[PDB]
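Chemist: Quick one, what's the 3D model for this:
(chains A, B, C, D, E, F, G, H and I, ligands or ions: 35)
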Amino acid sequence: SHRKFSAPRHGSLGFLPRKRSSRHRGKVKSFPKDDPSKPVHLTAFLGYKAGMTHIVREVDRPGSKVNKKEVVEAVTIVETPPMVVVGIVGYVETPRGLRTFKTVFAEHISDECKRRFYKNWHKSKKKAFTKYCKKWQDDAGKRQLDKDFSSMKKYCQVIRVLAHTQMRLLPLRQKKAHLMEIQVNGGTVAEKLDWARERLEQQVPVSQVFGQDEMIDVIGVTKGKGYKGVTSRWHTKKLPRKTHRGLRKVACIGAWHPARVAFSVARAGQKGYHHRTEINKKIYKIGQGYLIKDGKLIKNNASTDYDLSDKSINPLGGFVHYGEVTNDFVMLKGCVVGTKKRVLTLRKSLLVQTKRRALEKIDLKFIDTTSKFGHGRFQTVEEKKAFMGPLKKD
Amino acid sequence: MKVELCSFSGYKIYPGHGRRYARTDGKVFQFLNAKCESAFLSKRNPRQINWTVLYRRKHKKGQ
Amino acid sequence: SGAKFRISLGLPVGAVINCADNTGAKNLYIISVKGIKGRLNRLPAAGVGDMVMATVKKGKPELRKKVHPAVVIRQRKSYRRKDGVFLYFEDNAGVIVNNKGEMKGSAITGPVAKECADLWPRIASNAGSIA
RNA sequence: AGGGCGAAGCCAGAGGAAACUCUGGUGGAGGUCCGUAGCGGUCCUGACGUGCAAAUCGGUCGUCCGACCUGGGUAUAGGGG
RNA sequence: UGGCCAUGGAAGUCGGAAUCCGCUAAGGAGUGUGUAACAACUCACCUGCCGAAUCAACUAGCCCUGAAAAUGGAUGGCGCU
RNA sequence: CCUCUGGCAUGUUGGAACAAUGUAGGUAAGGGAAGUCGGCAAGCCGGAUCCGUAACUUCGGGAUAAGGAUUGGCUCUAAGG
RNA sequence: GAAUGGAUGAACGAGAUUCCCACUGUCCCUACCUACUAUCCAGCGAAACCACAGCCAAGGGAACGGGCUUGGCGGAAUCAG
RNA sequence: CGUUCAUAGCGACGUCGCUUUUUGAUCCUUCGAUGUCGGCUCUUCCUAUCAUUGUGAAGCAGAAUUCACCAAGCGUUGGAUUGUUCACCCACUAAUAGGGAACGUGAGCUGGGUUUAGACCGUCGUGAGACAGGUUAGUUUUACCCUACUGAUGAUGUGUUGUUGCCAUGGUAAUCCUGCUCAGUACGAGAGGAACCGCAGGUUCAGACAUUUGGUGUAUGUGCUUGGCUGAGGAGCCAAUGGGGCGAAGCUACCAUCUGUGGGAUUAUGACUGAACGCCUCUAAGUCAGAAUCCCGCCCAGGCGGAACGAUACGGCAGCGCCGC
RNA sequence: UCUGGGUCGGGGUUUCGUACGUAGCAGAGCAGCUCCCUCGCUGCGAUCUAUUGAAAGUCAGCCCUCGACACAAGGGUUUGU
Ligand SMILES: [Mg+2]
Ligand SMILES: [Mg+2]
Ligand SMILES: [Mg+2]
Ligand SMILES: [Mg+2]
Ligand SMILES: [Mg+2]
Ligand SMILES: [Mg+2]
Ligand SMILES: [Mg+2]
Ligand SMILES: [Mg+2]
Ligand SMILES: [Mg+2]
Ligand SMILES: [Mg+2]
Ligand SMILES: [Mg+2]
Ligand SMILES: [Mg+2]
Ligand SMILES: [Mg+2]
Ligand SMILES: [Mg+2]
Ligand SMILES: [Mg+2]
Ligand SMILES: [Mg+2]
Ligand SMILES: [Mg+2]
Ligand SMILES: [Mg+2]
Ligand SMILES: [Mg+2]
Ligand SMILES: [Mg+2]
Ligand SMILES: [Mg+2]
Ligand SMILES: [Mg+2]
Ligand SMILES: [Mg+2]
Ligand SMILES: [Mg+2]
Ligand SMILES: [Mg+2]
Ligand SMILES: [Mg+2]
Ligand SMILES: [Mg+2]
Ligand SMILES: [Mg+2]
Ligand SMILES: [Mg+2]
Ligand SMILES: [Mg+2]
Ligand SMILES: [Mg+2]
Ligand SMILES: [Mg+2]
Ligand SMILES: [Mg+2]
Ligand SMILES: [Mg+2]
Ligand SMILES: [Mg+2]
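Modeler: Residues are numbered from 1 along each chain as shown, chains lettered A, B, ... in the order given. Ligands and ions are numbered 1, 2, ... in the order given. Sure, the structure comes next:
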């Protein structure tokens, strides 16, 4: 018989094999369509989820009840120290797909990057790209290099730069810097390639990719939760108290007579550590890192035009389970995928953004900087020292 | 962003945090956190409780 | 013009919020919440500012033994305002009302939540304190 | 075990013209109540269900001075007890 | 020619018995529209133009409509004009 | 419930982890039986002292009816041989 | 329907119902914690069951096939569920 | 019948069908047993479409509407009584459409009901006993095998190894509503009373997350407190987590917060040019618009499928890469 | 050898709510002795004040140290165009 009282089914099939993702670094499954017209640029970046916090802002959507009313708002800090371009890699269209065609690597490559290429660095002699870099200083090699670049000019269509992180500049344990292919979207391929050939071995900061009040897509791996039962992993009803063989289950897997259990039926398995591409996360603040002209410039982070203090986005006692954000960072609206410390791919949108909400200009009023390691009540240490007065530790 | 003061302890309450109580007499209280609010609801006279501002004013601490 | 925003709604069907207008009713047994499509097994729930059908369980015998519309005015479940302040109210409470939003009483004892005030003007007019 | 209720009888005081009646005690009745050991075995339709167990376990329960519980001895044997 | 029956109004026109003559080139005592009822409109006979076939009613062949079921599916399959 | 006398080595094993399902315990915002055949299960209540105690009644009961208040520590007082 | 007993009825009931107050994760709606498991390891080590075996759709067929026909298809050895 | 008018909507007397969500026939299968109702829970299909998209119809002025077409994408709820299926009532709603899957689903539960044994009542029986007549009490076993599904190591290949990648094939997702505005406007004698574009939000669903609010809390963190025990103080411990305040981190909740997208082919339909048929016709050759559909996109997984690039065993015995013969 | 990661220490953060000791003319009262002084002195005495936002914990999965201490090319199995 039919099921009596209808109800929409639990969980989406558009997300499954609900298995542990192969990758850790979230792949960009599609870069935006390079119109050939606008100038060249990078489409993606690779940051790190340092931590959350508040903002306060005046909102300007006329019509709303909240028009010209200061709301608060959660935000993620994605610490994003500049990447280093160490390669380009040409692709060519085929009817089979999109074959990689030619990879030209830079001359010098950091041990940050070289780390990646060995499973055990302690034990290696660190001999990678050793016979490669010989090419970059002779007649023969330099000529072959030029012919490779020329061939890419003749044949290739898509060009991706290879860059990698500056694992050096982070509070993370790891030294093995994440590489990633990032796509150069812009003018003609010959122009496109000579841009990336100029950028080779060079820094690239965040502000060169992204701008403020820009919708971007966060790509990463979800905070993993191990083996989980069907009630956790699918949010199935619990069965009642009296159930004899347990109650965090599904009762009827399936009907008798497709005499197999279907792929659509809810089973217990891996919950979390899935790959996920959340879209439309507006950049409220691209924040300038600590720098030196005479003394430190720690202010330039979490100070606003209306606050004017001497904060950084770092709260008291740091971001928890992370560190100090001593580098440039972006500040997205809302939560994003994954854990603290997780490497996170940003990506420019796939989508022509023209909604009132997606063109809204964000002027921040106040960044909360109170500790997250307990219930914080002081924004800065100087404020605390004022409020408390002197302590026995003096 | 009018920073308010905790009706128990005395600390300031920054926009994000804490909770707002609206008693039927028709007067309102702000609590920094639950710790304050619990002492308030259990009727603890904050001048008796050391860590509050009201106590330390009463006992002339600092200065 | 400007619409409501959702708020943590802590009156499922089965609550007896106290009538806070001068009718003569004391309680308001919420038998249903107006404008709820709802899902299997799920109780219809009315926060503050929500319309509601309401049997009176104790009070005058004119009102008893029939259904009236009503509005929830305070509620003990702490909702979050858009300015990031949570707020709760000490008591759940409402007012008997007609289809078109007018009160059938005349004066509201206690404070009304401004989520309810802005959305219900005739309630707001008879409300002494707001928020 | 330990508690509760407090029946007859008894004392004093007060009233009553008498009949006798009230008030305060004392007294300690009962297949009386709570409740241990004991005896039992309600519900969880709990645990267990190739068990610890060919009927057990846990909590929760009924009863707990009486048609009470219980050892040993002794009587009744198969269309019979 | 408000023809007759029918008045509730049918002078062609809810219905029904009738149902012919004149002028005629020719128009039914009327196919309908519509009217309380008319009116007004609409539906032969003949021309003017154009330039050889035209049109009706049956009938039977293929094809199509008629033709709605639950795991995904079976001219055996692939396919086939 | 904790202790001495006396007695044991955790009831036929150890180690490392701390997933899902369980078995046995707990806690939960707002609502309060909307759950379910059914308040099943758990929760409320609980001791004592002081008040206060209904209908009904076989006048014995009902009755711990219900419903209330108090309770610690310390320093004293008075009363009982 | 009147000792195949009728009508009653205080007290009593692990007896059968219904409502109210209280109380609660029964539920809205699920969540977190603890212990013993389950898990991995050393040692030890059973049983039921067993024609052969073990991916499907449809067909026909003793009228619901793992095996047959026609199609889809098929990749060692395993772990927790 | 529908004032008039067979066919907007209907439809007698007759007639032709489909359907197996009714009940009968029947007895082919199973009696060395295929667990016998309902509810819960979960998935999937069908359409005979209640709503939602796109449209033709009216006895469609508007509003409300019934009739029909494409169409099953997405929905279709909360309760009172009843073991119920069914039924009815209240309430909300956009709508509270209908079914199938061994009348889906008991090694998934439950066991209220049927349907053993204990008992009561009525009627029947001389009686033992009977009763699709009522009542109450009554044991719901096993998975460690194979498959299927879920996740988890691996597998053959590529000389070995690592890299960054492509993408065959699978899956797939968004939903509907309110308010404001249009506007008391069109339309209508009035009564009443729309719509497109905007704007603001919300339902249900999905995917995350913990800044904040809440929950948990054996950090056994820090107080407080009962009974006991170290002669006491101090410091502690025991009472299967002694109890209780508050509680970091961490999990976690529409109980907190964030995000949810674009094309193509066309269907129904309405059209163009235009014969057939000197006219006329959406059609016959030819052309246009066209959708909750379908296919892709995004999104998830990634093939006994490929890719470019790196490094390729100094040695103490080594072993190999090219080249030519 | 971007000299490193680790243990201990130190900051920061944070949880709780002000440790022990000592002092006090604080302290309801009581006592002993006397100078029977009742602010006599000395003792008992919950609690109170001060020292003291004190004490204590704070990665084990919080943040910074570059202070102290050691320890850091080591082992085993592999694989060939
Ligand atoms: Mg259905
Ligand atoms: Mg059971
Ligand atoms: Mg925190
Ligand atoms: Mg339900
Ligand atoms: Mg049992
Ligand atoms: Mg078992
Ligand atoms: Mg044993
Ligand atoms: Mg033990
Ligand atoms: Mg042992
Ligand atoms: Mg033993
Ligand atoms: Mg609760
Ligand atoms: Mg129900
Ligand atoms: Mg119910
Ligand atoms: Mg019970
Ligand atoms: Mg009683
Ligand atoms: Mg009789
Ligand atoms: Mg007689
Ligand atoms: Mg009889
Ligand atoms: Mg078989
Ligand atoms: Mg007629
Ligand atoms: Mg049959
Ligand atoms: Mg079977
Ligand atoms: Mg159809
Ligand atoms: Mg069945
Ligand atoms: Mg089954
Ligand atoms: Mg069973
Ligand atoms: Mg039964
Ligand atoms: Mg029986
Ligand atoms: Mg096992
Ligand atoms: Mg002590
Ligand atoms: Mg014990
Ligand atoms: Mg057409
Ligand atoms: Mg077209
Ligand atoms: Mg189109
Ligand atoms: Mg695809």
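Chemist: make it CA atoms for all contacts and neighbour counts henceforth
Modeler: Noted.
Chemist: is the one helix or strand residue C:123 maps to up against chain B anywhere?
Modeler: Using DSSP states H and E, residue C:123 maps to helix C:121-126. No: applying CA under 8 Å from any CA of the partner chain, one finds helix C:121-126 separated from chain B by no less than 14.6 Å.
Chemist: Pairing partners for the residue nearest the centre of chain A in the sheet, please.
Modeler: In chain A, the residue lying closest to the centroid (CA atoms, centre = their mean) is residue A:344, at 2.4 Å. Following DSSP bridges, residue A:344 is listed with bridge partners residue A:47.
Chemist: OK, contacts around it?
Modeler: Contact analysis of residue A:344 by CA atoms under 8 Å, 6 or more residues apart in numbering or on different chains lists A:25-26, A:46-49, A:218-221.
Chemist: can I get those residues in JSON lines with neighbour count and distance to residue B:4?
Modeler: Output for these, formatted as JSON lines (neighbours: other CA atoms under 10 Å in any protein chain shown; distance: CA to CA, whole Å):
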{"residue": "A:25", "neighbour count": "19", "distance to residue B:4": "44"}
{"residue": "A:26", "neighbour count": "24", "distance to residue B:4": "43"}
{"residue": "A:46", "neighbour count": "27", "distance to residue B:4": "40"}
{"residue": "A:47", "neighbour count": "24", "distance to residue B:4": "36"}
{"residue": "A:48", "neighbour count": "24", "distance to residue B:4": "35"}
{"residue": "A:49", "neighbour count": "23", "distance to residue B:4": "32"}
{"residue": "A:218", "neighbour count": "26", "distance to residue B:4": "36"}
{"residue": "A:219", "neighbour count": "25", "distance to residue B:4": "39"}
{"residue": "A:220", "neighbour count": "29", "distance to residue B:4": "39"}
{"residue": "A:221", "neighbour count": "27", "distance to residue B:4": "40"}
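Chemist: and of these, the nearest to RNA strand I?
Modeler: residue A:49 (12.9 Å; CA to the nearest atom of the strand).
Chemist: and that closest one, what helix or strand is that in?
Modeler: strand A:44-58.
Chemist: Say whether ligand 3 is contacted by that strand.
Modeler: No: counting by CA under 5 Å from the ion, ligand 3 has no neighbours in strand A:44-58; the shortest distance is 9.7 Å.
Chemist: Tell me which helix or strand comes right after that strand.
Modeler: By DSSP H and E, the next helix or strand past strand A:44-58 is strand A:70-79.
Chemist: in its sheet, what does that next one sit against?
Modeler: Partners of strand A:70-79 in its sheet, by DSSP bridges: strand A:44-58 (antiparallel), strand A:329-333 (antiparallel).
Chemist: Quick check: residue A:31 touching residue A:158?
Modeler: No: assessed by CA atoms under 8 Å, residue A:31 is found out of contact with residue A:158, at 10.5 Å.
Chemist: Neighbour count: these two, which is higher?
Modeler: residue A:158 (22 against 16; other CA atoms under 10 Å in any protein chain shown).
Chemist: Can you say which of the strands paired with strand A:70-79 is packed in most?
Modeler: strand A:329-333 (a mean of 25; mean count of other CA atoms under 10 Å in any protein chain shown).
Chemist: now what about it, what contacts it?
Modeler: A:73-81, A:206, A:281-289.
Chemist: and chain B, which residues reach RNA strand H?
Modeler: Taking CA under 7 Å from any atom of the strand as the measure of proximity, chain B contacts RNA strand H at B:16-19, B:32-35, B:38.
Chemist: Can you point out the buried residues in stretch A:255-264?
Modeler: By neighbour count with 16 or more other CA atoms under 10 Å in any protein chain shown, stretch A:255-264 contains no buried residues.
Chemist: ok now it, how far from the chain's centre?
Modeler: Centroid separation for stretch A:255-264 versus its chain: 40 Å, with CA atoms, centre = their mean, to the nearest Å.
Chemist: contacting residues around it?
Modeler: Taking CA under 8 Å, 6+ apart as the rule, stretch A:255-264 contacts A:13, A:253-254.
Chemist: one more time with 7 Å, if that's ok
Modeler: A:253-254 (CA atoms under 7 Å, 6 or more residues apart in numbering or on different chains).
Chemist: for stretch A:94-114, same thing?
Modeler: With CA under 7 Å, 6+ apart, stretch A:94-114 has contacts from A:86-93, A:133, A:136, A:164, A:166-168, A:175-177, A:200-201.
Chemist: Now that we have these, which of them are buried?
Modeler: A:86-92, A:136, A:164, A:166-167, A:175-177, A:200-201.
Chemist: Those residues in strands, which ones?
Modeler: A:86-92, A:164 (DSSP state E).
Chemist: ok, so of these, who is nearest chain C?
Modeler: residue A:164 (38.8 Å; CA to the nearest CA).
Chemist: Considering only the contacts of stretch A:94-114, which also neighbour RNA strand H?
Modeler: Among these, RNA strand H is touched by A:89, A:133 when using CA under 7 Å from any atom of the strand.
Chemist: which residue packs closest to the residue lying farthest from the centre of chain C, ignoring adjacent ones?
Modeler: Residue farthest from the centre of chain C, counting by CA atoms, centre = their mean, is residue C:40 at 24.2 Å. The shortest distance from residue C:40 to any non-neighbouring residue, by CA to CA, 6 or more residues apart in numbering or on different chains, is to residue A:7 (6.0 Å).
Chemist: what's the burial count for the one you found?
Modeler: 10.
Chemist: if I look at it, how far off is ligand 3?
Modeler: 37 Å (CA to the ion, to the nearest Å).
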